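**Student:**
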Amino acid sequence: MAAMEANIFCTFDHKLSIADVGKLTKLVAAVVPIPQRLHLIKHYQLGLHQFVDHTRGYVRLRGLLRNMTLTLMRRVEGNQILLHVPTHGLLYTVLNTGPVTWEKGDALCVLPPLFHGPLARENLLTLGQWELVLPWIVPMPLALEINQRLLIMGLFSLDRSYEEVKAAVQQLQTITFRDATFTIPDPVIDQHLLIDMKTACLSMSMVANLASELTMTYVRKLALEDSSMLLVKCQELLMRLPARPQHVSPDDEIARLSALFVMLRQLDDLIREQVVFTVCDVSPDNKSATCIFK
Amino acid sequence: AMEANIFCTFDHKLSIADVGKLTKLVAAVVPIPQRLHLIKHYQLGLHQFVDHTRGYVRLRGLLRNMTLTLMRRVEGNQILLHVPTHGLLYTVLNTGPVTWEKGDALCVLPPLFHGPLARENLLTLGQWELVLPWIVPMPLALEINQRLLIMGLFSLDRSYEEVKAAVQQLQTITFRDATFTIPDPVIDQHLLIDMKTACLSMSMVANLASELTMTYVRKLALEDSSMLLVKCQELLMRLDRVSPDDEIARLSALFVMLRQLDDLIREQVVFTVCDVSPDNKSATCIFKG
Amino acid sequence: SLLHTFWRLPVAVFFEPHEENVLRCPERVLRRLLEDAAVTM
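Below is the structure:
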């Protein structure tokens, strides 16, 4: 059959006014997802309004967004939008969408938009009750702590009262990364979240089993003699309860450390989604950047 | 027909002997903190990051995000540098201590041999000493990471002779026609700060994962739709044969000590050998970033 | 009377027919069967 089209023309069948095309002209060098790739696609599949559910599962939207195909916007004109699907490891300009200040060197993730709906008040091409929902591009630690707080909310959802969850969401929704506050929308239970919790508990059990005595006792061995602020701040979250080690071996413990690194990797992959942009130079008004690795 | 390159200059004077020394490193890797166009010589390599107090782990953490480049040509006017790209092949020197073979996954490492040496005497200006990162095959890099971490873990019990024997076992590393040794990370009977926090985060995530597991699997057991869960809890029950805000803080602590260990538990391949030249000074490898 | 099981914690089953079926007759059926064994002697 036909090959992969680098250029994709989109066509708005419905009538656009001049203000909507004027708003769309500001959307150049922006990233949009598509479910399928054709040379001439319709405007319904473009965007993310096709996947806004009544469940509003943020993990569901996240896993759905992970399986879409990312493209860049180009050459906005009358009822036609050029989309460039970008290739691996080449340089591409980009325009930020979410209200996140960007720096250099920090890798970027693609994410579903926080506080999605009319509460964010976005006037993005509203026509035929279809919005143009843009996926946010955030740096590494913002997406990392978003997935971390979602998993912590999931692990705290078990065997707790509903008001305990209501007293937890007021603590966990506030993220103030890079001097800009952000909120977590609708942290609910989901079967995908059950899958993440099951693999998290299995990996935690496995790394608890494969932990040797020296790894288990290094914190006490350092806390008996050394003294620092970080040692104090990490000691208070631990529990209460010169000797020779009973049995050590290099060749056994390097195998233990390799398998333990494997288990920590199988724990790490939950919160680390993917690297999709590596910024070289931002624009000095923080409205655009250049990137590699597409 | 020119190509997109990086024009690096030198503010110190350069001898003809130093130019002839620099032209030995044609296909050499050089990290650069930011890919500008007209850069001085002060940001070639890792001499900006040589520190007395800091250690190997922060060098690896910086080298994870450095912009690696290759040299093209040396002139009395200026120096040419080349940024590589993914999916293209390049010639690259084997400045590392280990010979390569075809198809070996290669990656970039901070130099274990440090300061003044008979091999580190490259392009040494007055306040400047050009240092180059090593290009090592991937399993030797994994072995060096594991052995250096476990040599850092035995820092608090060097008084025992058996621990010194285990350290002397770990400090020697064999490979294919390669019996080089590494320096021990403990100096002045103390550990450097980055390695200390790395192994501290390791011990902390091990302690927290041993702590919080039983309550979580007990909470998960009352919705048992997976038979893996009951053998998961049976493992912990055979191994032995709390405030909610404390629970939240311990979860966030475990995940932040895991996040601070992200660069050590994994690494990416940088090059793989398309083919290797004889005499093994250099090899033609495809870039992979 | 009661067996000594090697695995301490018990385990659920997907109840495949390709799996061997697991002793699903409850205690009233065993009461009926002990009555049948008593009356057939």
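As you go down the protein sequences, you meet chains Y, A and B in turn. Note that the first sequence covers residues -4 to 289 in the numbering used here. Note that the second sequence covers residues -7 to 281 in the numbering used here. Note that the third sequence covers residues 5 to 45 in the numbering used here. Cβ coordinates follow ideal geometry from the N, Cα and C atoms, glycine included.
1. What residue ranges within the region 18 to 61 of chain A form continuous beta strand (DSSP E) runs of no fewer than 3 residues, ordered along the chain?
2. Tell me which same chain residues have a C-beta within less than 6 Å of the C-beta of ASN142 of chain Y, skipping the five on either side of it?
3. Report yes or no: is there a C-beta of chain A within less than 8 Å of the C-beta of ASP48 of chain Y?
4. Using only the alpha-carbon positions, how far apart do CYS5 of chain Y and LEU204 of chain A sit?
5. Taking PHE288 of chain Y as the reference, which of Y:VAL80, Y:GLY52, Y:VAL47 and Y:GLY73 has the closest Cα?
6. Using the beta-carbon of each residue, which ones in chain Y are nearer than 8 Å to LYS16 of chain A?
7. For a cutoff of 8 Å on Cβ pairs, would you count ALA201 of chain A as touching chain Y?
8. Short of 8 Å in beta carbon distance, which residues of its chain neighbour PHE172 of chain A, apart from the five on each side in sequence? Order them along the chain.
9. Taking the continuous alpha helix (DSSP H) assigned at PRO131 of chain A, which residues delimit it?
10. For a test of the three-state rule: what should DSSP assign to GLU72 of chain Y, helix, strand or coil?
11. Pull up the distance between the alpha-carbon of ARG251 of chain Y and that of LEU106 of chain Y, whole angstroms please.
12. Just verifying my parser: in three-state terms, what is the DSSP assignment at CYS196 of chain Y?
13. Can you look up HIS187 of chain Y in the DSSP assignment and give me helix, strand or coil?
14. Run through chain A and tell me which residues come within less than 8 Å of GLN269 of chain Y, C-beta to C-beta.
15. Is it right to say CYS196 of chain Y is buried, meaning 16 or more other beta carbons lie within 10 angstroms of its own, or is it exposed?
16. Output, in chain order, the set of chain C residues within a Cβ distance shorter than 9 Å of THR264 of chain A.
17. List the endpoints of the continuous alpha helix (DSSP H) containing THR210 of chain Y.
18. Taking Cβ positions, are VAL49 of chain A and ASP186 of chain A nearer each other than 8 Å?
19. Just the C-alpha distance for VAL270 of chain Y and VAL160 of chain Y, rounded to the nearest angstrom, thanks.
20. Taking one C-beta from the region 127 to 137 of chain Y and one from the region 17 to 27 of chain Y each time, how about it: are there three or more such pairs within less than 8 Å?
21. If you follow the alpha helix (DSSP H) that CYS224 of chain A is part of, which residue opens it and which one closes it?
22. Confirm, please, whether the CB-CB distance from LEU62 of chain A to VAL84 of chain A is below 8 Å.
23. Find the nearest neighbour of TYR34 of chain A within the set A:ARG46, A:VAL18, A:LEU55 and A:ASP3, judged by alpha-carbon distance.
24. So does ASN69 of chain A have its beta carbon nearer than 7 Å to some heavy atom of the ligand FAD?
25. Under the assumption that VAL227 of chain Y contacts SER195 of chain A (Cβ atoms under 8 Å), give the Cβ distance between them as a whole number of angstroms.
26. Do the CB positions of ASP263 of chain Y and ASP255 of chain A come within less than 8 Å of each other?
27. Buried or exposed for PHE19 of chain B, going by 16 or more other Cβ atoms inside 10 Å?
28. Is there a C-beta anywhere in chain A that falls below 8 Å from the one on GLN168 of chain Y?
29. Mind listing which residues of the region 67 to 86 of chain Y have their C-beta closer than 8 Å to chain A's C-betas, in chain order?
30. How would you call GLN230 of chain Y, buried or exposed, if buried means at least 16 neighbouring beta carbons within 10 angstroms?
31. Taking only three categories from DSSP, how would you classify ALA(-2) of chain Y?
32. Which residues in the same chain as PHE105 of chain A place their Cβ atom closer than 7 Å to its Cβ, once the five residues preceding and following it in sequence are excluded?
33. Quick one: list the residues of chain A neighbouring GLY100 of chain Y, beta-carbon separation under 7 Å, in chain order.
34. Using only the alpha-carbon positions, how far apart do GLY79 of chain A and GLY84 of chain Y sit?
35. I want to verify the contact list: residues of chain B whose CB lies under 8 Å from the CB of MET229 of chain A, in sequence order.
36. Tell me the residue span of the beta strand (DSSP E) that contains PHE272 of chain Y.
**Tutor:** From the atom records:
1. 21 to 24
2. For the purposes of this step, residue 142 of chain Y is taken as the residue at position 147 of the first sequence. Counting only Cβ-Cβ distances below 6 Å, and skipping sequence neighbours, we find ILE266.
3. For the purposes of this step, residue 48 of chain Y is taken as residue 53 along the first sequence, with counting starting at 1. By this cut-off, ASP48 of chain Y is not an interface position.
4. Here the question's residue 5 of chain Y lines up with position 10 in the first sequence. Here the question's residue 204 of chain A lines up with position 212 in the second sequence. Their Cα atoms are separated by approximately 51 Å.
5. Residue numbering aside, residue 288 of chain Y sits at position 293 when the first sequence is read from its first letter. Taking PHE288 of chain Y as reference, the option from Y:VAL80, Y:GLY52, Y:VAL47 and Y:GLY73 with the minimal CA-CA separation is Y:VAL80.
6. Here residue 16 of chain A corresponds to residue number 24 of the second sequence, with the count starting at 1. Going along chain Y, no residue has its Cβ under 8 Å from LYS16 of chain A, so there is no contact; the nearest lies around 30 Å.
7. Here the question's residue 201 of chain A lines up with position 209 in the second sequence. Yes, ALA201 of chain A counts as interfacial toward chain Y.
8. To locate residue 172 of chain A, count along the second sequence from 1; it is residue 180. These residues qualify, in order along the chain: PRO89, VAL90 and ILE165.
9. Residue 131 of chain A sits at position 139 when you count from the first residue of the second sequence. 130 to 145 is the extent of the alpha helix (DSSP H) around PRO131 of chain A.
10. Looking up residue 72 of chain Y in the first sequence gives position 77. Here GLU72 of chain Y sits in strand by DSSP.
11. In the first sequence, the residue the question calls residue 251 of chain Y occupies position 256. In the first sequence, the residue the question calls residue 106 of chain Y occupies position 111. Between the C-alpha atoms of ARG251 of chain Y and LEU106 of chain Y there is a straight-line separation of about 36 Å.
12. Taking the first sequence and counting its residues from 1, the one referred to as residue 196 of chain Y is at position 201. DSSP places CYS196 of chain Y in helix when its eight states are reduced to three.
13. Numbered from 1 along the first sequence, position 192 holds the residue referred to as residue 187 of chain Y. Helix, per DSSP.
14. Translated into the one-based positions of the first sequence, residue 269 of chain Y becomes position 274. What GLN269 of chain Y touches in chain A, judged by beta-carbon distance under 8 Å, is nothing: the nearest beta carbon there is about 13 Å away.
15. Mapped onto the first sequence, residue 196 of chain Y falls at position 201. Result: buried.
16. Chain labels in this structure do not include chain C; the protein chains are Y, A and B.
17. As a first step, residue 210 of chain Y is located in the first sequence; it is residue number 215 there, counting from the start. 208 to 218 is the extent of the alpha helix (DSSP H) around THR210 of chain Y.
18. Looking up residue 49 of chain A in the second sequence gives position 57. Looking up residue 186 of chain A in the second sequence gives position 194. Going by C-beta atoms, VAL49 of chain A is nearer than 8 Å to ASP186 of chain A.
19. Working through the first sequence from its first residue, we reach residue 270 of chain Y at position 275. Working through the first sequence from its first residue, we reach residue 160 of chain Y at position 165. Distance between the alpha carbons of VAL270 of chain Y and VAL160 of chain Y: 32 Å.
20. Verdict: yes, contact present.
21. In the second sequence, the residue the question calls residue 224 of chain A occupies position 232. Element bounds for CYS224 of chain A: 219 to 231.
22. Against the second sequence, residue 84 of chain A aligns to sequence position 92. Against the second sequence, residue 62 of chain A aligns to sequence position 70. Going by C-beta atoms, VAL84 of chain A is nearer than 8 Å to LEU62 of chain A.
23. Counted from its first residue, the second sequence places residue 34 of chain A at position 42. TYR34 of chain A has its Cα closest to that of A:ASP3, out of A:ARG46, A:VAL18, A:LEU55 and A:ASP3.
24. Inclusion of the ligand FAD in the displayed structure is not the case, the ligand content being empty and no account of it being possible.
25. Here the question's residue 227 of chain Y lines up with position 232 in the first sequence. Here the question's residue 195 of chain A lines up with position 203 in the second sequence. With a Cβ gap of about 15 Å, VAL227 of chain Y and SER195 of chain A do not count as contacting.
26. As a first step, residue 263 of chain Y must be located in the first sequence, where it is residue number 268. As a first step, residue 255 of chain A must be located in the second sequence, where it is residue number 263. It is not a contact, given that the beta carbons lie outside the stated cut-off.
27. As a first step, residue 19 of chain B is located in the third sequence; it is residue number 15 there, counting from the start. Burial call: exposed.
28. Looking up residue 168 of chain Y in the first sequence gives position 173. By this cut-off, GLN168 of chain Y is not an interface position.
29. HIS83, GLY84 and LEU85
30. As a first step, residue 230 of chain Y must be located in the first sequence, where it is residue number 235. Its Cβ having fewer than 16 others within 10 Å, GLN230 of chain Y is exposed.
31. Locating residue -2 of chain Y in the first sequence gives position 3, where the first residue counts as 1. Taken through DSSP and simplified to helix, strand or coil, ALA(-2) of chain Y comes out as coil.
32. On the second sequence, residue 105 of chain A is found 113 positions in, with the first residue counted as 1. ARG111 and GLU112, listed in sequence order.
33. Within the first sequence, the letter at position 105 stands for residue 100 of chain Y. Correct list: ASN57.
34. Residue 79 of chain A sits at position 87 when you count from the first residue of the second sequence. Residue 84 of chain Y sits at position 89 when you count from the first residue of the first sequence. Taking the straight line joining both Cα atoms gives about 8 Å.
35. For the purposes of this step, residue 229 of chain A is identified with residue 237 of the second sequence, where counting begins at 1. By Cβ distance, chain B contributes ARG12 and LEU13.
36. Here residue 272 of chain Y refers to the residue found at position 277 when the first sequence is read from its first residue. Start and end: 272 to 277.
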